[PDB]
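What's in entry.cif: mmCIF, C-alpha atoms and all ligand atoms
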```cif
data_structure
#
loop_
_atom_site.group_PDB
_atom_site.id
_atom_site.type_symbol
_atom_site.label_atom_id
_atom_site.label_comp_id
_atom_site.auth_asym_id
_atom_site.auth_seq_id
_atom_site.Cartn_x
_atom_site.Cartn_y
_atom_site.Cartn_z
ATOM 1 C CA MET W 43 0.000 0.000 0.000
ATOM 2 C CA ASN W 44 0.905 3.669 -0.361
ATOM 3 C CA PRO W 45 1.549 5.676 2.809
ATOM 4 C CA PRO W 46 -0.589 8.734 3.493
ATOM 5 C CA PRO W 47 0.772 11.656 1.476
ATOM 6 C CA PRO W 48 2.649 14.467 3.246
ATOM 7 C CA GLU W 49 0.442 17.038 4.930
ATOM 8 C CA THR W 50 -0.516 20.152 2.977
ATOM 9 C CA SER W 51 -2.041 21.905 6.000
ATOM 10 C CA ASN W 52 -1.429 21.830 9.737
ATOM 11 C CA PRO W 53 -3.377 24.034 12.180
ATOM 12 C CA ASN W 54 -0.555 23.855 14.742
ATOM 13 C CA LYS W 55 1.943 25.266 12.239
ATOM 14 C CA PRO W 56 1.896 29.060 11.730
ATOM 15 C CA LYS W 57 1.349 30.330 8.196
ATOM 16 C CA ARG W 58 3.059 33.122 6.328
ATOM 17 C CA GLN W 59 3.171 34.824 2.955
ATOM 18 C CA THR W 60 6.363 36.486 1.723
ATOM 19 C CA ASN W 61 7.458 37.962 -1.585
ATOM 20 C CA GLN W 62 9.845 35.030 -1.999
ATOM 21 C CA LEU W 63 7.178 32.401 -1.267
ATOM 22 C CA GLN W 64 4.802 34.065 -3.724
ATOM 23 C CA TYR W 65 7.599 33.926 -6.310
ATOM 24 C CA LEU W 66 8.307 30.262 -5.608
ATOM 25 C CA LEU W 67 4.693 29.466 -6.533
ATOM 26 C CA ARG W 68 3.956 31.852 -9.390
ATOM 27 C CA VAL W 69 7.371 31.704 -11.120
ATOM 28 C CA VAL W 70 9.560 28.829 -9.920
ATOM 29 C CA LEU W 71 7.037 26.014 -9.443
ATOM 30 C CA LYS W 72 4.781 27.221 -12.270
ATOM 31 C CA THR W 73 7.684 27.107 -14.728
ATOM 32 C CA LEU W 74 9.101 23.754 -13.553
ATOM 33 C CA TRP W 75 5.583 22.312 -13.767
ATOM 34 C CA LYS W 76 5.540 22.957 -17.519
ATOM 35 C CA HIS W 77 8.876 21.244 -18.192
ATOM 36 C CA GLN W 78 8.639 18.123 -20.337
ATOM 37 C CA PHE W 79 10.251 16.056 -17.549
ATOM 38 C CA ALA W 80 7.953 17.329 -14.780
ATOM 39 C CA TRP W 81 5.317 14.602 -14.967
ATOM 40 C CA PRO W 82 6.900 11.995 -12.596
ATOM 41 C CA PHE W 83 7.162 14.700 -9.935
ATOM 42 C CA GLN W 84 3.712 16.339 -10.118
ATOM 43 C CA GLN W 85 2.161 14.056 -7.477
ATOM 44 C CA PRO W 86 3.280 11.723 -4.675
ATOM 45 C CA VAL W 87 4.922 8.547 -5.948
ATOM 46 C CA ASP W 88 2.092 6.020 -6.303
ATOM 47 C CA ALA W 89 4.116 2.898 -5.538
ATOM 48 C CA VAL W 90 1.117 0.670 -6.283
ATOM 49 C CA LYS W 91 0.304 2.277 -9.647
ATOM 50 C CA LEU W 92 3.950 2.525 -10.705
ATOM 51 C CA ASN W 93 4.799 -1.026 -9.538
ATOM 52 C CA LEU W 94 7.544 0.195 -7.165
ATOM 53 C CA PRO W 95 6.789 -1.905 -4.059
ATOM 54 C CA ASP W 96 10.183 -1.074 -2.538
ATOM 55 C CA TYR W 97 9.860 2.712 -2.880
ATOM 56 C CA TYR W 98 8.615 3.561 0.608
ATOM 57 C CA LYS W 99 10.733 0.837 2.151
ATOM 58 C CA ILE W 100 13.664 3.044 1.073
ATOM 59 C CA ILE W 101 12.243 6.601 1.019
ATOM 60 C CA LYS W 102 11.053 7.776 4.449
ATOM 61 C CA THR W 103 10.654 11.522 3.733
ATOM 62 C CA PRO W 104 8.676 11.647 0.474
ATOM 63 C CA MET W 105 8.156 14.921 -1.340
ATOM 64 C CA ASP W 106 6.763 15.937 -4.727
ATOM 65 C CA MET W 107 5.771 19.103 -6.601
ATOM 66 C CA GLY W 108 2.044 18.438 -6.183
ATOM 67 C CA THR W 109 2.504 18.560 -2.415
ATOM 68 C CA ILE W 110 4.728 21.639 -2.673
ATOM 69 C CA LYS W 111 2.165 23.388 -4.879
ATOM 70 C CA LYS W 112 -0.625 22.733 -2.376
ATOM 71 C CA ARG W 113 1.606 23.892 0.501
ATOM 72 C CA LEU W 114 2.340 27.158 -1.309
ATOM 73 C CA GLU W 115 -1.358 27.624 -2.114
ATOM 74 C CA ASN W 116 -2.132 26.983 1.604
ATOM 75 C CA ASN W 117 0.538 29.453 2.792
ATOM 76 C CA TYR W 118 1.770 26.426 4.746
ATOM 77 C CA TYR W 119 5.402 27.597 4.833
ATOM 78 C CA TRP W 120 6.954 30.188 7.118
ATOM 79 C CA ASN W 121 9.679 31.169 4.647
ATOM 80 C CA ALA W 122 11.196 30.388 1.268
ATOM 81 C CA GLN W 123 13.972 28.214 2.695
ATOM 82 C CA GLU W 124 11.371 25.809 4.060
ATOM 83 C CA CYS W 125 9.933 25.470 0.555
ATOM 84 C CA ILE W 126 13.367 25.203 -1.074
ATOM 85 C CA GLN W 127 14.150 22.426 1.406
ATOM 86 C CA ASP W 128 11.120 20.493 0.115
ATOM 87 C CA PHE W 129 12.316 20.808 -3.501
ATOM 88 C CA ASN W 130 15.728 19.551 -2.434
ATOM 89 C CA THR W 131 14.147 16.604 -0.602
ATOM 90 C CA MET W 132 12.205 15.710 -3.748
ATOM 91 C CA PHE W 133 15.369 15.685 -5.877
ATOM 92 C CA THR W 134 17.422 13.760 -3.311
ATOM 93 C CA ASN W 135 14.671 11.129 -2.927
ATOM 94 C CA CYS W 136 15.008 10.393 -6.620
ATOM 95 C CA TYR W 137 18.799 10.150 -6.415
ATOM 96 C CA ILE W 138 18.585 7.893 -3.347
ATOM 97 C CA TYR W 139 15.993 5.513 -4.791
ATOM 98 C CA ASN W 140 17.556 5.313 -8.258
ATOM 99 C CA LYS W 141 21.031 4.898 -9.718
ATOM 100 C CA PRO W 142 23.198 7.490 -11.502
ATOM 101 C CA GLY W 143 22.270 7.760 -15.157
ATOM 102 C CA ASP W 144 18.817 6.176 -14.820
ATOM 103 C CA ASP W 145 16.212 7.819 -17.044
ATOM 104 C CA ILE W 146 14.231 9.157 -14.069
ATOM 105 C CA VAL W 147 17.453 10.553 -12.569
ATOM 106 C CA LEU W 148 18.232 12.361 -15.830
ATOM 107 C CA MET W 149 14.759 13.895 -15.593
ATOM 108 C CA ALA W 150 15.241 15.012 -12.001
ATOM 109 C CA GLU W 151 18.681 16.434 -12.823
ATOM 110 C CA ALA W 152 17.277 18.558 -15.652
ATOM 111 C CA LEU W 153 14.614 19.933 -13.306
ATOM 112 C CA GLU W 154 17.166 20.480 -10.537
ATOM 113 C CA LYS W 155 19.338 22.622 -12.791
ATOM 114 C CA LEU W 156 16.351 24.718 -13.890
ATOM 115 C CA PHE W 157 15.299 25.004 -10.243
ATOM 116 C CA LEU W 158 18.773 26.246 -9.276
ATOM 117 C CA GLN W 159 18.698 28.834 -12.070
ATOM 118 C CA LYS W 160 15.265 30.116 -11.022
ATOM 119 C CA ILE W 161 16.084 30.557 -7.330
ATOM 120 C CA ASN W 162 19.502 32.080 -8.073
ATOM 121 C CA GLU W 163 17.718 35.432 -7.865
ATOM 122 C CA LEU W 164 14.651 35.831 -5.646
ATOM 123 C CA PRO W 165 12.653 39.042 -5.112
ATOM 124 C CA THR W 166 13.479 41.129 -2.061
HETATM 125 N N1 LIG W 201 12.575 4.141 -10.722
HETATM 126 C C1 LIG W 201 11.520 5.138 -10.747
HETATM 127 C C2 LIG W 201 10.476 5.003 -11.633
HETATM 128 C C3 LIG W 201 9.462 5.931 -11.656
HETATM 129 N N2 LIG W 201 8.465 5.652 -12.669
HETATM 130 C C4 LIG W 201 8.175 6.487 -13.724
HETATM 131 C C5 LIG W 201 7.229 5.865 -14.519
HETATM 132 N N3 LIG W 201 6.958 4.613 -13.963
HETATM 133 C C6 LIG W 201 7.725 4.469 -12.838
HETATM 134 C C7 LIG W 201 9.497 7.034 -10.800
HETATM 135 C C8 LIG W 201 8.540 8.056 -10.708
HETATM 136 F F1 LIG W 201 7.425 8.073 -11.517
HETATM 137 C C9 LIG W 201 8.700 9.081 -9.814
HETATM 138 C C10 LIG W 201 9.798 9.139 -8.965
HETATM 139 C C11 LIG W 201 10.744 8.132 -9.020
HETATM 140 O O1 LIG W 201 11.870 8.158 -8.178
HETATM 141 C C12 LIG W 201 10.585 7.097 -9.932
HETATM 142 N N4 LIG W 201 11.542 6.177 -9.935
#
```

Transcribe the structure of this file into structure tokens.
Amino acid sequence: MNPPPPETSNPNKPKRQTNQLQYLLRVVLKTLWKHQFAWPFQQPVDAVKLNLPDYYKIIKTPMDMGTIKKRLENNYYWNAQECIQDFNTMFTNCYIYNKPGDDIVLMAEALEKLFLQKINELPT
């Protein structure tokens, strides 16, 4: 079975909106979402659908852009670093679960480089 997906809301966690968090949704995530290699990362890994029964035996902190998008829409984050940390978890999950040079890793690496370019300059 799949685990429950990561939370996209939490009433105990304080919310915030910042210029940088608004940018991470409307520019960074919105652009990455349209990349031709974005599709494996637009929702939590469905280990049942994708026939990856070992995925959550290996990956204990799952993250994906669908979850990040909902968190940004929820104002779930306190600051941009918290959101950037989720992107980095998503990329590292792929590199942990898979081997260097695998097709899915090549996809993640293309997105990671675009991600790095986009957050190189954030609004003030
Ligand atoms: N080895 C794989 C295979 C995946 N996949 C792709 C199509 N069908 C299975 C996959 C994935 F969607 C998302 C994240 C991953 O890390 C994946 N890793």

Enumerate, in order of chain and increasing residue number, the residues of chain W with an atom no farther than 9 Å from ligand LIG 201 (chain W), each with its shortest atom pair and distance in Å to one decimal, counting all atoms listed in the file, as a tab-separated table.
```
residue	atom	partner	partner_atom	distance
W:81	CA	W:LIG201	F1	7.7
W:82	CA	W:LIG201	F1	4.1
W:83	CA	W:LIG201	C9	5.8
W:84	CA	W:LIG201	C9	8.8
W:85	CA	W:LIG201	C9	8.5
W:86	CA	W:LIG201	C9	7.9
W:87	CA	W:LIG201	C9	5.4
W:88	CA	W:LIG201	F1	7.7
W:89	CA	W:LIG201	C6	8.3
W:91	CA	W:LIG201	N3	8.3
W:92	CA	W:LIG201	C6	4.8
W:93	CA	W:LIG201	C6	7.0
W:94	CA	W:LIG201	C6	7.1
W:97	CA	W:LIG201	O1	7.9
W:106	CA	W:LIG201	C10	8.6
W:132	CA	W:LIG201	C10	8.7
W:133	CA	W:LIG201	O1	8.6
W:135	CA	W:LIG201	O1	6.7
W:136	CA	W:LIG201	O1	4.2
W:137	CA	W:LIG201	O1	7.4
W:138	CA	W:LIG201	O1	8.3
W:139	CA	W:LIG201	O1	6.0
W:140	CA	W:LIG201	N1	5.7
W:141	CA	W:LIG201	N1	8.5
W:144	CA	W:LIG201	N1	7.7
W:145	CA	W:LIG201	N1	8.2
W:146	CA	W:LIG201	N4	5.8
W:147	CA	W:LIG201	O1	7.5
W:150	CA	W:LIG201	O1	8.5
```

If we count only C-alpha atoms, what is near residue 161 in chain W at a cut-off of 10 Å, once residues fewer than 4 positions away on the same chain are taken out, given as a PDB file with C-alpha atoms, in the coordinates of the input?
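File selection27.pdb, as written:
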```pdb
ATOM      1  CA  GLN W  62       9.845  35.030  -1.999  1.00  0.00           C
ATOM      2  CA  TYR W  65       7.599  33.926  -6.310  1.00  0.00           C
ATOM      3  CA  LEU W  66       8.307  30.262  -5.608  1.00  0.00           C
ATOM      4  CA  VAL W  69       7.371  31.704 -11.120  1.00  0.00           C
ATOM      5  CA  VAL W  70       9.560  28.829  -9.920  1.00  0.00           C
ATOM      6  CA  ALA W 122      11.196  30.388   1.268  1.00  0.00           C
ATOM      7  CA  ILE W 126      13.367  25.203  -1.074  1.00  0.00           C
ATOM      8  CA  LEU W 156      16.351  24.718 -13.890  1.00  0.00           C
ATOM      9  CA  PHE W 157      15.299  25.004 -10.243  1.00  0.00           C
ATOM     10  CA  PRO W 165      12.653  39.042  -5.112  1.00  0.00           C
TER      11      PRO W 165
END
```

Kindly resolve the PyMOL selection byres (((chain W and resi 103) around 10) and not hetatm) on the present coordinates and return the residues as a PDB file with C-alpha atoms, in the frame of the given file.
```
ATOM      1  CA  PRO W  48       2.649  14.467   3.246  1.00  0.00           C
ATOM      2  CA  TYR W  98       8.615   3.561   0.608  1.00  0.00           C
ATOM      3  CA  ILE W 100      13.664   3.044   1.073  1.00  0.00           C
ATOM      4  CA  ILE W 101      12.243   6.601   1.019  1.00  0.00           C
ATOM      5  CA  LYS W 102      11.053   7.776   4.449  1.00  0.00           C
ATOM      6  CA  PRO W 104       8.676  11.647   0.474  1.00  0.00           C
ATOM      7  CA  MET W 105       8.156  14.921  -1.340  1.00  0.00           C
ATOM      8  CA  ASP W 128      11.120  20.493   0.115  1.00  0.00           C
ATOM      9  CA  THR W 131      14.147  16.604  -0.602  1.00  0.00           C
ATOM     10  CA  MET W 132      12.205  15.710  -3.748  1.00  0.00           C
ATOM     11  CA  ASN W 135      14.671  11.129  -2.927  1.00  0.00           C
TER      12      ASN W 135
END
```

Calculated over only C-alpha atoms, which of the candidates W:63, W:58, W:99, W:164 has the smallest distance to residue 45 in chain W? W:99

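Computed from the coordinates, the CA of residue 54 in chain W to CA of residue 68 in chain W distance equals 25.8 Å.
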
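Between CA of residue 53 in chain W and CA of residue 120 in chain W lies a distance of 13.0 Å.
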
Take the PyMOL selection byres (((chain W and resi 114-119) around 7) and not hetatm), apply it to the structure above, and return the hits as a list in words.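 Selected by the PyMOL selection byres (((chain W and resi 114-119) around 7) and not hetatm) in this file: residues 50, 51, 57, 58, 59, 67, 110, 111, 112, 113, 120, 121, 124 and 125 of chain W.
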
In Å, rounded to a single decimal, give me how far CA of residue 148 in chain W is from CA of residue 72 in chain W.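 For CA of residue 72 in chain W relative to CA of residue 148 in chain W, the distance reads 20.4 Å.
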
As a JSON list (two decimals), in the coordinates of the input, could you write out range 71-89 of chain W once it has been completed with N, CA and C atoms?
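The resulting out.json:
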```json
[["chain", "number", "residue", "atom", "x", "y", "z"],
["W", 71, "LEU", "N", 7.79, 27.26, -9.29],
["W", 71, "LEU", "CA", 7.04, 26.01, -9.44],
["W", 71, "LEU", "C", 6.23, 26.01, -10.74],
["W", 72, "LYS", "N", 5.61, 27.14, -11.07],
["W", 72, "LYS", "CA", 4.78, 27.22, -12.27],
["W", 72, "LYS", "C", 5.59, 26.94, -13.53],
["W", 73, "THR", "N", 6.85, 27.39, -13.57],
["W", 73, "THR", "CA", 7.68, 27.11, -14.73],
["W", 73, "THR", "C", 8.15, 25.65, -14.75],
["W", 74, "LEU", "N", 8.65, 25.15, -13.62],
["W", 74, "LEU", "CA", 9.10, 23.75, -13.55],
["W", 74, "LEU", "C", 7.97, 22.81, -13.92],
["W", 75, "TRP", "N", 6.75, 23.15, -13.51],
["W", 75, "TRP", "CA", 5.58, 22.31, -13.77],
["W", 75, "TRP", "C", 5.37, 22.08, -15.25],
["W", 76, "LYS", "N", 5.75, 23.05, -16.08],
["W", 76, "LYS", "CA", 5.54, 22.96, -17.52],
["W", 76, "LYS", "C", 6.67, 22.25, -18.25],
["W", 77, "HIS", "N", 7.76, 21.92, -17.55],
["W", 77, "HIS", "CA", 8.88, 21.24, -18.19],
["W", 77, "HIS", "C", 8.45, 19.86, -18.65],
["W", 78, "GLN", "N", 9.04, 19.41, -19.77],
["W", 78, "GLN", "CA", 8.64, 18.12, -20.34],
["W", 78, "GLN", "C", 8.95, 16.95, -19.42],
["W", 79, "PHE", "N", 9.89, 17.11, -18.49],
["W", 79, "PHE", "CA", 10.25, 16.06, -17.55],
["W", 79, "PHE", "C", 9.55, 16.21, -16.20],
["W", 80, "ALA", "N", 8.56, 17.09, -16.09],
["W", 80, "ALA", "CA", 7.95, 17.33, -14.78],
["W", 80, "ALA", "C", 7.00, 16.21, -14.36],
["W", 81, "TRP", "N", 6.46, 15.44, -15.30],
["W", 81, "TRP", "CA", 5.32, 14.60, -14.97],
["W", 81, "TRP", "C", 5.57, 13.57, -13.86],
["W", 82, "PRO", "N", 6.75, 12.96, -13.70],
["W", 82, "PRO", "CA", 6.90, 12.00, -12.60],
["W", 82, "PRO", "C", 6.84, 12.65, -11.23],
["W", 83, "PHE", "N", 6.98, 13.97, -11.18],
["W", 83, "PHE", "CA", 7.16, 14.70, -9.94],
["W", 83, "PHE", "C", 5.97, 15.58, -9.58],
["W", 84, "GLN", "N", 4.87, 15.47, -10.32],
["W", 84, "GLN", "CA", 3.71, 16.34, -10.12],
["W", 84, "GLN", "C", 2.75, 15.82, -9.07],
["W", 85, "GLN", "N", 3.02, 14.66, -8.49],
["W", 85, "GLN", "CA", 2.16, 14.06, -7.48],
["W", 85, "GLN", "C", 3.01, 13.11, -6.64],
["W", 86, "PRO", "N", 2.56, 12.74, -5.44],
["W", 86, "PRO", "CA", 3.28, 11.72, -4.68],
["W", 86, "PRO", "C", 3.51, 10.46, -5.50],
["W", 87, "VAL", "N", 4.66, 9.82, -5.29],
["W", 87, "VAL", "CA", 4.92, 8.55, -5.95],
["W", 87, "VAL", "C", 3.85, 7.55, -5.54],
["W", 88, "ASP", "N", 3.09, 7.07, -6.53],
["W", 88, "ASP", "CA", 2.09, 6.02, -6.30],
["W", 88, "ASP", "C", 2.81, 4.70, -6.53],
["W", 89, "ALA", "N", 3.32, 4.12, -5.43],
["W", 89, "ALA", "CA", 4.12, 2.90, -5.54],
["W", 89, "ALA", "C", 3.29, 1.73, -6.04]]
```
